[PDB]
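Engineer: Below: one structure in structure tokens.
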Amino acid sequence: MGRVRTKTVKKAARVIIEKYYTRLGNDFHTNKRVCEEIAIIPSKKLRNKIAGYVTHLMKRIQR
Amino acid sequence: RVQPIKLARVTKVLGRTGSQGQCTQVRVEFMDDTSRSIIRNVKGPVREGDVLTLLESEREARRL
Amino acid sequence: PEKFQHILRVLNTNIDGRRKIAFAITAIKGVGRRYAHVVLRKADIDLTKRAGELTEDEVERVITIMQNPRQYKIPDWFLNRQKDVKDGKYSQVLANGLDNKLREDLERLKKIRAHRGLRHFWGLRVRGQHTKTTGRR
Amino acid sequence: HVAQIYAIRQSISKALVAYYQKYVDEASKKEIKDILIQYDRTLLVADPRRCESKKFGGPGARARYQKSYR
Amino acid sequence: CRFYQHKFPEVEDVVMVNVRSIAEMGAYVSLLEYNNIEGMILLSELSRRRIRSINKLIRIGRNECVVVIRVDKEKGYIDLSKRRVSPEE
Amino acid sequence: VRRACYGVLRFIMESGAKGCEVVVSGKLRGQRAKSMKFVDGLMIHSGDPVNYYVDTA
Amino acid sequence: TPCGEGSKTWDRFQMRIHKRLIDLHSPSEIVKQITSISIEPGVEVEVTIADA
Amino acid sequence: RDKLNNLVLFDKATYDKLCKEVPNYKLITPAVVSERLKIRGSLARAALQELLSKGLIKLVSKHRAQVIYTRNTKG
Amino acid sequence: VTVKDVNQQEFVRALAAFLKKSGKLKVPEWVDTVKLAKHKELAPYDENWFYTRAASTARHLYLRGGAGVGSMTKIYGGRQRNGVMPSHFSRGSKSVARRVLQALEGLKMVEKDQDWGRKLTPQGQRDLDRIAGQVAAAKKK
Amino acid sequence: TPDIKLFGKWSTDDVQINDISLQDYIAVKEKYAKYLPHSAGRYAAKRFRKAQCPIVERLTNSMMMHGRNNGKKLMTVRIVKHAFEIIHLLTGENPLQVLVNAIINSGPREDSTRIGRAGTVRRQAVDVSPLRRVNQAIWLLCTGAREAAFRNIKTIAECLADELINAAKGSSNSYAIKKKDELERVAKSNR
RNA sequence: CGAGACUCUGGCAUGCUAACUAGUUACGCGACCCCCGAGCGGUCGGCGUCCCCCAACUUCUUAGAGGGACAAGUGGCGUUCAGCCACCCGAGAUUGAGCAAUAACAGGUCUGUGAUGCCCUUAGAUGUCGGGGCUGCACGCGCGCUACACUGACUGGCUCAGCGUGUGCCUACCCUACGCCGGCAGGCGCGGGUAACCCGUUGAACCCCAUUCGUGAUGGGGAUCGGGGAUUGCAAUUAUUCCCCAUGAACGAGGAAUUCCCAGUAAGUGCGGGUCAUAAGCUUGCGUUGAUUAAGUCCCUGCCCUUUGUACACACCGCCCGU
């Protein structure tokens, strides 16, 4: 039901995935920290949604 | 007129009909017969695999 | 399982089992629930019993204490009329005699033409509180 | 009175387990955790539910004043 | 009591029911034909037409001609219709 | 009215602004009320950041 | 609402005042001196002779 | 609604009736005894309290609001 | 033990009877016609309750570091009927509560001590424990 | 205690479900035995959750209704425990077995749901879920006990005990039975 | 652009850093010391006060920085996408507020405004004091409150809280522990506290318990009235209010109709603050006791999606005809 992802999250995710492919893992916790290093994101909830979607993408991508 | 009481067990909750959406279609395996499997409407909330005690297959209970 | 004692008089009413003694008495005016309860305590009578129980003796002992309240240490504050307006004492008023005094006081303040008197006579509400959409249906 | 009853029950069972977990042995504490958790009563996990805030325009939190209509 | 030898009505027996009070489904009426035995009228069948009227100055103390559908001697419930009526006028 | 609004609006924007809006409200031309919005740039009204980001007078 | 017709709408403002104390023990003036300097606006700081 | 009263005098006959009806009961409360006789409810209660010093009735509750008596051990 | 370990209802009743044996409770010239608290719609059933209250007060003081009239008044207090307005908490009679504190002091069940108001006397501490023992054997509920 | 978890002075053993269609919404030992009913005081948290709640706990909850009596569980637990004792004197047995029988006999089979048919008063004969049959039964029985108590000497405990026993084996002095016979009769009829 | 996002609050951190206007632990524990129990007893356990440390801690209490939720892991489903369903951990993709666009409205306000246009009045005031009314009731309406009882009326007793607040203030001023007296209202003496120090270990009400009463307008209910005491004010008459006694109503479940509600929610129940010389049946928050029930859908209703029709366009509460 609720809290489907917004455009702001998905755009950032595409960005990150393309330019940091080798660095990125598939684990939420480590990716969350990588997003702190490679970007300035002004909220933790936003950063979590970004990180989260980026793991989901990496899983699909590695097929 | 009269028929014997048939126990019939919920196989599949078909979905919801009713004008207000408060009638649920159900398909009940006739239990005595595996050949029969007939659609009866249940008023209540239905959880699959629970058992109805049909007093009729007359006056078929159907969408509205 | 004792009948036997029954039919007692307090003032002008027949008092029989129905309720606890105290409550049973309050058929008459000028005796509320609290009044009859405290009279019985003074008169050394168990008030949990019925009024179809207890003999004539106990009744008379109650009547004497109610109608001489000060002389049996029922204090002045406890009285329905304190200092009164007719009588320079402090009187407990009972039975039909309360109705008398109520009439007296209403007539009294119609003569004297005091606000309480006039309002009551005319049927207007004596208290200053709203009667705007109340005091009827 | 009821709030406290539920709280105490949670603390005593947790207490026993806590003591055995650092000092005695794991098998004892684990056995207790098994027995409790199955029928369940939330004695090793916290209850989330605390009072919901009241918002104006009603006499209650979600209760609201009667409206009137011609 | 009642004048009749039997204590209960039977299927399709024309009776007279005193409408005591209206509540929920219709009314818990008393059959006056057989003592003061309890029965009920509406929910499903009683009405023959709808015109959005059934009283105005028809107050209380009144009474309906009804016919017995289902009678339960043991349970003390009598399902009654007025819609069945035609020779039972 | 329009000249005054345009000059001030243009000057404030030129100073450096993400955006700005000037509203003139009240009556004009006798007995009818009017409002006009003279806006340029970006403006928000969303949540708590509006209080922080935008200054009003 | 000024002039109350419509609906019952209430506004509640809060203001959250924060207090803290710190008890230093060491000699007389050099305490209150070294502390109270190097600050001017917008946070009250009180140095009290209280406590023996 | 309703109007129902009971005798509020403690009587002869109803006490005797009680004790000699005793195999009927296995459940005894004030209300039951009151209904089955014409004894008050209050003086239902009290009659039981007397009765319990025969011990044809045995306490199995002692609650403030109302009490529950058994007849003998269990009937 | 503390008094809390044993049956509280039985404790106050046992202590109240022990007070009766002592033969004094320095009783008021009121409590035979009183309003009592304003939470009451009927005058007291008996004049017995003064002993029970005294026992209760003694127990309450035993718990605390010292207390006076205020503590007793809230415990005995309840809901006050305001007529046709909403029922609300209040504190009732203070003359009786004060009198009970004075009377217990006279017997030396409680005495003035630090933290204001009366705190338990070792004489009272001994008395309370003896009835506590009787209660302890009797039940626990 | 861990071998079998009893009720607070009665047994949970020897409680039999006398119907095969009402199973898995009647329980008292099929995991759900308790000395004292209380889960966490929510039962509306999930739609799943209702299955967790046994018939005994549901009966205590449904009882507290009508404004003054609302939200007083402690009063109801005391009344209910007393009620079980009253049942036990009156029939021997186990009071929980009496309760189970009462539910089964009071629960309807067919009922009716509204269906359009010319704007005339007709309805469609439908069977109802066993969850609904249990829910409605418990409602009927609690409402029956309360209704009797209101202007009669007997207390809620006594009237509840009387209501269960009459329903357990029919007597036609139980409200729940009388209502059920009306619902099933009407169902059979209709269009 | 709105909303989302965002922010604030509620919940999960025996991890992090702290605490003598805060507590807890933990000795050594001794004393008041009771034996209540064990031990012969010293001693041990114990509600509180008192012993206190160069004790220890942040668990409860406090508030700072940190992490935790992202549908993350796993399994089904789906354009294998966006997303959906279940499952684990568990605060679950289940909290509540704050937040408002484009544009409309002759919504309300000149009596909030020494904001303001024009008009009136202005020394003879519509600029200030003395007095009365807003509080008058054959009747219509609305929000409420109190009720219709036994989960209660009554008499004893048990017993657990939270959000907040206070005097020494720029036109007027506190909360009261504690002593005494009085049934009560109230009177009177102290002392502390701009305060997590003192009120207030907030030991509140619901609740729990042993009775009495016994479903009976009964003692449910407290209307109306009569007599008296006090409190507030210089002034209470038209009860300002409070208390004491008596007098002891309708109402025993509410028609035509109609509101609100999905979880610490409905309902029951008290408390603190605001108005304030005095005066709450009000409202704003707060904790307590705590359900039954959808668990969905568009039927009615409202709002918002395409399409279609329109003699409508101040827009159907519109228009529009004949006698």
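Every chain in the structure tokens has a letter given in the order shown (A, B, ...), and although residue numbers restart at 1 in each chain, ligands are simply numbered from 1 in the order shown.
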Mind running chain B against chain J at 7 Å and telling me each contacting residue's nearest atom pair with the distance in Å (one decimal), counting only C-alpha atoms, chain and number ascending, as a Markdown table?
Structural biologist:
| residue | atom | partner | partner_atom | distance |
| --- | --- | --- | --- | --- |
| B:41 | CA | J:126 | CA | 6.0 |
| B:42 | CA | J:128 | CA | 5.1 |
| B:43 | CA | J:128 | CA | 5.4 |
| B:44 | CA | J:129 | CA | 5.3 |
| B:45 | CA | J:129 | CA | 6.6 |
| B:46 | CA | J:129 | CA | 6.0 |
| B:51 | CA | J:21 | CA | 4.8 |
| B:52 | CA | J:21 | CA | 6.2 |
| B:53 | CA | J:109 | CA | 6.3 |
| B:54 | CA | J:127 | CA | 6.5 |
| B:61 | CA | J:126 | CA | 6.3 |
| B:64 | CA | J:115 | CA | 6.6 |
Engineer: Show me, as a compact mmCIF listing (two decimals) with N, CA and C atoms, in the first residue's frame, the residues that have an atom within 7 Å of residue I:11 when counting only C-alpha atoms (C1' of nucleotides), minus same-chain residues fewer than 6 positions from it.
Structural biologist:
# COMPACT_ATOMS: atom_id res chain seq x y z
N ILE I 131 0.66 -7.93 66.04
CA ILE I 131 -0.56 -8.19 65.31
C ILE I 131 -0.24 -8.64 63.90
N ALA I 132 0.89 -8.17 63.31
CA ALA I 132 1.40 -8.61 62.02
C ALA I 132 1.66 -10.10 62.00
N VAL I 135 -1.69 -12.09 61.94
CA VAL I 135 -2.20 -11.93 60.60
C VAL I 135 -1.44 -12.82 59.64
Engineer: Going by DSSP on the backbone, which bits of chain F are alpha helix (DSSP H)? Write them as a PyMOL selection string, please.
Structural biologist: chain F and resi 2-16+49-53
Engineer: The selected residues should be written to file as a PDB file, in the first residue's frame (atoms: N, CA and C atoms).
Structural biologist:
ATOM      1  N   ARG F   2       2.301  49.037 -11.529  1.00  0.00           N
ATOM      2  CA  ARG F   2       3.073  48.044 -12.236  1.00  0.00           C
ATOM      3  C   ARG F   2       4.525  48.433 -12.375  1.00  0.00           C
ATOM      4  N   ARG F   3       4.823  49.736 -12.620  1.00  0.00           N
ATOM      5  CA  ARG F   3       6.172  50.253 -12.743  1.00  0.00           C
ATOM      6  C   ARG F   3       6.956  50.108 -11.467  1.00  0.00           C
ATOM      7  N   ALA F   4       6.307  50.433 -10.323  1.00  0.00           N
ATOM      8  CA  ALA F   4       6.890  50.396  -9.001  1.00  0.00           C
ATOM      9  C   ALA F   4       7.249  48.985  -8.629  1.00  0.00           C
ATOM     10  N   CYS F   5       6.304  48.043  -8.862  1.00  0.00           N
ATOM     11  CA  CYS F   5       6.433  46.634  -8.583  1.00  0.00           C
ATOM     12  C   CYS F   5       7.548  46.017  -9.375  1.00  0.00           C
ATOM     13  N   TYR F   6       7.576  46.245 -10.714  1.00  0.00           N
ATOM     14  CA  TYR F   6       8.598  45.741 -11.612  1.00  0.00           C
ATOM     15  C   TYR F   6       9.980  46.207 -11.242  1.00  0.00           C
ATOM     16  N   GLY F   7      10.149  47.488 -10.831  1.00  0.00           N
ATOM     17  CA  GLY F   7      11.454  48.015 -10.504  1.00  0.00           C
ATOM     18  C   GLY F   7      12.047  47.395  -9.269  1.00  0.00           C
ATOM     19  N   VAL F   8      11.245  47.288  -8.180  1.00  0.00           N
ATOM     20  CA  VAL F   8      11.658  46.697  -6.927  1.00  0.00           C
ATOM     21  C   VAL F   8      11.919  45.220  -7.079  1.00  0.00           C
ATOM     22  N   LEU F   9      11.054  44.497  -7.840  1.00  0.00           N
ATOM     23  CA  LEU F   9      11.122  43.065  -8.067  1.00  0.00           C
ATOM     24  C   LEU F   9      12.401  42.710  -8.783  1.00  0.00           C
ATOM     25  N   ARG F  10      12.706  43.483  -9.850  1.00  0.00           N
ATOM     26  CA  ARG F  10      13.867  43.307 -10.681  1.00  0.00           C
ATOM     27  C   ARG F  10      15.136  43.567  -9.907  1.00  0.00           C
ATOM     28  N   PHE F  11      15.137  44.604  -9.032  1.00  0.00           N
ATOM     29  CA  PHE F  11      16.276  44.963  -8.217  1.00  0.00           C
ATOM     30  C   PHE F  11      16.593  43.914  -7.172  1.00  0.00           C
ATOM     31  N   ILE F  12      15.564  43.353  -6.484  1.00  0.00           N
ATOM     32  CA  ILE F  12      15.748  42.335  -5.463  1.00  0.00           C
ATOM     33  C   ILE F  12      16.267  41.054  -6.056  1.00  0.00           C
ATOM     34  N   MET F  13      15.759  40.677  -7.257  1.00  0.00           N
ATOM     35  CA  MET F  13      16.199  39.500  -7.966  1.00  0.00           C
ATOM     36  C   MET F  13      17.640  39.619  -8.414  1.00  0.00           C
ATOM     37  N   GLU F  14      18.022  40.821  -8.929  1.00  0.00           N
ATOM     38  CA  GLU F  14      19.357  41.161  -9.385  1.00  0.00           C
ATOM     39  C   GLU F  14      20.412  41.064  -8.311  1.00  0.00           C
ATOM     40  N   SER F  15      20.039  41.364  -7.039  1.00  0.00           N
ATOM     41  CA  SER F  15      20.904  41.290  -5.878  1.00  0.00           C
ATOM     42  C   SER F  15      21.381  39.888  -5.606  1.00  0.00           C
ATOM     43  N   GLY F  16      20.567  38.888  -6.015  1.00  0.00           N
ATOM     44  CA  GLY F  16      20.791  37.496  -5.753  1.00  0.00           C
ATOM     45  C   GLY F  16      19.628  37.016  -4.957  1.00  0.00           C
ATOM     46  N   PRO F  49      10.710  23.909   5.889  1.00  0.00           N
ATOM     47  CA  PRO F  49      11.794  24.676   5.279  1.00  0.00           C
ATOM     48  C   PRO F  49      11.418  26.047   4.782  1.00  0.00           C
ATOM     49  N   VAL F  50      10.115  26.332   4.518  1.00  0.00           N
ATOM     50  CA  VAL F  50       9.654  27.627   4.059  1.00  0.00           C
ATOM     51  C   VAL F  50       9.999  28.721   5.045  1.00  0.00           C
ATOM     52  N   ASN F  51       9.828  28.465   6.364  1.00  0.00           N
ATOM     53  CA  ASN F  51      10.105  29.401   7.434  1.00  0.00           C
ATOM     54  C   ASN F  51      11.562  29.797   7.454  1.00  0.00           C
ATOM     55  N   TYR F  52      12.457  28.799   7.285  1.00  0.00           N
ATOM     56  CA  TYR F  52      13.888  28.964   7.240  1.00  0.00           C
ATOM     57  C   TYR F  52      14.356  29.714   6.023  1.00  0.00           C
ATOM     58  N   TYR F  53      13.871  29.311   4.827  1.00  0.00           N
ATOM     59  CA  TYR F  53      14.452  29.719   3.568  1.00  0.00           C
ATOM     60  C   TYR F  53      13.969  31.070   3.120  1.00  0.00           C
TER      61      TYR F  53
END
Engineer: Select from chain J every residue with an atom at most 9 Å from any atom of chain K, then for each give the shortest pair of atoms and their distance in Å to one decimal, using only C-alpha atoms (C1' of nucleotides), rows by chain and rising number, as JSON lines.
Structural biologist:
{"residue": "J:41", "atom": "CA", "partner": "K:290", "partner_atom": "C1'", "distance": 7.9}
{"residue": "J:42", "atom": "CA", "partner": "K:263", "partner_atom": "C1'", "distance": 7.1}
{"residue": "J:43", "atom": "CA", "partner": "K:263", "partner_atom": "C1'", "distance": 8.9}
{"residue": "J:44", "atom": "CA", "partner": "K:263", "partner_atom": "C1'", "distance": 7.1}
{"residue": "J:45", "atom": "CA", "partner": "K:263", "partner_atom": "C1'", "distance": 7.5}
{"residue": "J:46", "atom": "CA", "partner": "K:295", "partner_atom": "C1'", "distance": 8.0}
{"residue": "J:47", "atom": "CA", "partner": "K:295", "partner_atom": "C1'", "distance": 6.0}
{"residue": "J:58", "atom": "CA", "partner": "K:292", "partner_atom": "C1'", "distance": 8.9}
{"residue": "J:61", "atom": "CA", "partner": "K:291", "partner_atom": "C1'", "distance": 6.1}
{"residue": "J:62", "atom": "CA", "partner": "K:292", "partner_atom": "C1'", "distance": 5.3}
{"residue": "J:63", "atom": "CA", "partner": "K:292", "partner_atom": "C1'", "distance": 8.6}
{"residue": "J:64", "atom": "CA", "partner": "K:291", "partner_atom": "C1'", "distance": 6.8}
{"residue": "J:65", "atom": "CA", "partner": "K:291", "partner_atom": "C1'", "distance": 7.6}
{"residue": "J:66", "atom": "CA", "partner": "K:267", "partner_atom": "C1'", "distance": 8.0}
{"residue": "J:67", "atom": "CA", "partner": "K:267", "partner_atom": "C1'", "distance": 5.7}
{"residue": "J:68", "atom": "CA", "partner": "K:268", "partner_atom": "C1'", "distance": 5.7}
{"residue": "J:69", "atom": "CA", "partner": "K:151", "partner_atom": "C1'", "distance": 5.1}
{"residue": "J:70", "atom": "CA", "partner": "K:267", "partner_atom": "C1'", "distance": 5.5}
{"residue": "J:71", "atom": "CA", "partner": "K:290", "partner_atom": "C1'", "distance": 3.9}
{"residue": "J:72", "atom": "CA", "partner": "K:289", "partner_atom": "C1'", "distance": 6.0}
{"residue": "J:73", "atom": "CA", "partner": "K:290", "partner_atom": "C1'", "distance": 7.3}
{"residue": "J:74", "atom": "CA", "partner": "K:207", "partner_atom": "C1'", "distance": 7.9}
{"residue": "J:75", "atom": "CA", "partner": "K:151", "partner_atom": "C1'", "distance": 5.3}
{"residue": "J:76", "atom": "CA", "partner": "K:151", "partner_atom": "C1'", "distance": 7.0}
{"residue": "J:79", "atom": "CA", "partner": "K:151", "partner_atom": "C1'", "distance": 8.6}
{"residue": "J:139", "atom": "CA", "partner": "K:292", "partner_atom": "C1'", "distance": 8.0}
{"residue": "J:149", "atom": "CA", "partner": "K:215", "partner_atom": "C1'", "distance": 8.7}
{"residue": "J:150", "atom": "CA", "partner": "K:215", "partner_atom": "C1'", "distance": 7.6}
{"residue": "J:151", "atom": "CA", "partner": "K:215", "partner_atom": "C1'", "distance": 5.5}
{"residue": "J:152", "atom": "CA", "partner": "K:215", "partner_atom": "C1'", "distance": 5.5}
{"residue": "J:153", "atom": "CA", "partner": "K:215", "partner_atom": "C1'", "distance": 5.5}
{"residue": "J:154", "atom": "CA", "partner": "K:215", "partner_atom": "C1'", "distance": 8.7}
{"residue": "J:155", "atom": "CA", "partner": "K:150", "partner_atom": "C1'", "distance": 7.3}
Engineer: With N, CA, C and O atoms retained, export the selected residues as a compact mmCIF listing (two decimals), in the first residue's frame.
Structural biologist:
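Here's the written file part08.txt:
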# COMPACT_ATOMS: atom_id res chain seq x y z
N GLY J 41 -4.63 -6.63 25.27
CA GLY J 41 -5.70 -5.66 25.27
C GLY J 41 -5.91 -5.00 23.93
O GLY J 41 -6.62 -4.00 23.85
N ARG J 42 -5.24 -5.51 22.88
CA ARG J 42 -5.57 -5.23 21.50
C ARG J 42 -5.99 -6.53 20.92
O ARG J 42 -5.54 -7.59 21.35
N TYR J 43 -6.96 -6.47 19.98
CA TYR J 43 -7.47 -7.62 19.27
C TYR J 43 -7.88 -7.17 17.89
O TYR J 43 -8.40 -7.96 17.11
N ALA J 44 -7.60 -5.89 17.56
CA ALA J 44 -8.01 -5.25 16.34
C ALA J 44 -6.78 -4.85 15.57
O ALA J 44 -6.86 -4.11 14.59
N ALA J 45 -5.60 -5.38 15.98
CA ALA J 45 -4.32 -5.02 15.42
C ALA J 45 -4.11 -5.66 14.07
O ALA J 45 -3.54 -5.04 13.18
N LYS J 46 -4.55 -6.93 13.93
CA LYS J 46 -4.51 -7.65 12.68
C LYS J 46 -5.86 -8.28 12.51
O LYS J 46 -6.61 -8.44 13.46
N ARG J 47 -6.19 -8.63 11.24
CA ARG J 47 -7.36 -9.41 10.90
C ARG J 47 -7.11 -10.87 11.22
O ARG J 47 -8.04 -11.65 11.42
N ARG J 58 -13.04 -13.85 24.53
CA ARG J 58 -14.01 -13.14 23.74
C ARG J 58 -15.29 -12.88 24.48
O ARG J 58 -15.90 -11.83 24.32
N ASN J 61 -14.77 -10.07 27.04
CA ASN J 61 -14.66 -8.78 26.39
C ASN J 61 -16.01 -8.22 25.98
O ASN J 61 -16.32 -7.07 26.26
N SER J 62 -16.87 -9.07 25.35
CA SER J 62 -18.17 -8.68 24.83
C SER J 62 -19.15 -8.24 25.89
O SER J 62 -20.08 -7.50 25.60
N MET J 63 -18.96 -8.72 27.14
CA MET J 63 -19.80 -8.43 28.28
C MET J 63 -19.83 -6.97 28.66
O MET J 63 -20.89 -6.45 29.01
N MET J 64 -18.67 -6.27 28.61
CA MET J 64 -18.57 -4.89 29.05
C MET J 64 -19.06 -3.96 27.97
O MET J 64 -18.32 -3.55 27.08
N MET J 65 -20.36 -3.60 28.08
CA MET J 65 -21.09 -2.81 27.13
C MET J 65 -22.15 -2.13 27.92
O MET J 65 -22.55 -2.63 28.97
N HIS J 66 -22.52 -0.90 27.46
CA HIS J 66 -23.51 0.00 27.99
C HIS J 66 -22.74 0.89 28.92
O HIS J 66 -22.02 0.37 29.76
N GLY J 67 -22.86 2.23 28.75
CA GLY J 67 -21.83 3.21 29.03
C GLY J 67 -21.08 3.10 30.34
O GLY J 67 -19.85 3.10 30.33
N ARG J 68 -21.80 2.87 31.46
CA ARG J 68 -21.21 2.77 32.78
C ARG J 68 -20.31 1.57 32.92
O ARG J 68 -19.25 1.64 33.55
N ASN J 69 -20.74 0.42 32.36
CA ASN J 69 -20.05 -0.85 32.39
C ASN J 69 -18.92 -0.95 31.39
O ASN J 69 -18.16 -1.91 31.45
N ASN J 70 -18.77 0.03 30.45
CA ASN J 70 -17.70 0.03 29.47
C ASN J 70 -16.37 0.24 30.13
O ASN J 70 -16.22 1.05 31.04
N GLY J 71 -15.36 -0.51 29.63
CA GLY J 71 -13.97 -0.36 29.98
C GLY J 71 -13.68 -0.75 31.39
O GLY J 71 -12.80 -0.17 32.02
N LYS J 72 -14.41 -1.76 31.92
CA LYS J 72 -14.16 -2.29 33.23
C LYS J 72 -14.07 -3.77 33.02
O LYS J 72 -15.07 -4.47 32.98
N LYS J 73 -12.82 -4.25 32.81
CA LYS J 73 -12.53 -5.64 32.59
C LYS J 73 -12.45 -6.38 33.89
O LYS J 73 -12.89 -7.52 33.97
N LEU J 74 -11.89 -5.75 34.95
CA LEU J 74 -11.66 -6.35 36.25
C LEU J 74 -12.95 -6.78 36.91
O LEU J 74 -13.02 -7.85 37.51
N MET J 75 -14.00 -5.93 36.78
CA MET J 75 -15.34 -6.21 37.24
C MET J 75 -15.92 -7.40 36.53
O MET J 75 -16.57 -8.23 37.15
N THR J 76 -15.67 -7.51 35.20
CA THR J 76 -16.20 -8.56 34.38
C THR J 76 -15.54 -9.88 34.69
O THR J 76 -16.23 -10.89 34.76
N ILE J 79 -17.08 -11.22 37.83
CA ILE J 79 -18.44 -11.64 37.53
C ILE J 79 -18.44 -12.97 36.79
O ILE J 79 -19.20 -13.86 37.13
N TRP J 139 -22.34 -12.64 21.31
CA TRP J 139 -23.04 -11.38 21.41
C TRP J 139 -24.37 -11.63 22.07
O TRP J 139 -24.56 -11.19 23.19
N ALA J 149 -30.88 -9.12 34.01
CA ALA J 149 -30.35 -8.58 35.25
C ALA J 149 -30.88 -7.21 35.61
O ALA J 149 -30.93 -6.84 36.78
N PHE J 150 -31.27 -6.43 34.57
CA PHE J 150 -31.48 -5.00 34.59
C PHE J 150 -32.59 -4.56 35.53
O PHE J 150 -32.48 -3.52 36.18
N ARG J 151 -33.71 -5.31 35.54
CA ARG J 151 -34.89 -5.01 36.32
C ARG J 151 -35.31 -6.27 37.02
O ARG J 151 -36.50 -6.57 37.12
N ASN J 152 -34.33 -7.06 37.52
CA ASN J 152 -34.61 -8.27 38.24
C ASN J 152 -33.53 -8.39 39.27
O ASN J 152 -32.46 -7.80 39.12
N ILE J 153 -33.79 -9.18 40.33
CA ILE J 153 -32.96 -9.35 41.49
C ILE J 153 -31.64 -9.97 41.12
O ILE J 153 -30.59 -9.53 41.59
N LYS J 154 -31.67 -10.95 40.19
CA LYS J 154 -30.52 -11.72 39.76
C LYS J 154 -29.46 -10.85 39.13
O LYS J 154 -29.77 -9.91 38.40
N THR J 155 -28.19 -11.23 39.37
CA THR J 155 -27.03 -10.48 38.96
C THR J 155 -26.62 -11.04 37.62
O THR J 155 -27.17 -12.05 37.18
Engineer: Taking only residues of chain F that have an atom at most 12 Å from an atom of chain K, what is each one's shortest atom pair and its distance in Å to one decimal, using only C-alpha atoms (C1' of nucleotides), in chain and number order, as a Markdown table?
Structural biologist:
| residue | atom | partner | partner_atom | distance |
| --- | --- | --- | --- | --- |
| F:26 | CA | K:116 | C1' | 11.6 |
| F:27 | CA | K:117 | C1' | 10.9 |
| F:30 | CA | K:117 | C1' | 10.9 |
| F:31 | CA | K:106 | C1' | 10.4 |
| F:32 | CA | K:106 | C1' | 9.0 |
| F:33 | CA | K:106 | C1' | 9.4 |
| F:35 | CA | K:103 | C1' | 11.8 |
| F:41 | CA | K:1 | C1' | 11.6 |
| F:42 | CA | K:1 | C1' | 8.9 |
| F:43 | CA | K:1 | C1' | 8.1 |
| F:44 | CA | K:1 | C1' | 7.4 |
| F:45 | CA | K:100 | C1' | 6.5 |
| F:46 | CA | K:99 | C1' | 6.2 |
| F:47 | CA | K:99 | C1' | 4.0 |
| F:48 | CA | K:7 | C1' | 5.2 |
| F:49 | CA | K:6 | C1' | 7.0 |
| F:50 | CA | K:99 | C1' | 9.3 |
| F:51 | CA | K:99 | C1' | 10.5 |
| F:52 | CA | K:7 | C1' | 11.1 |
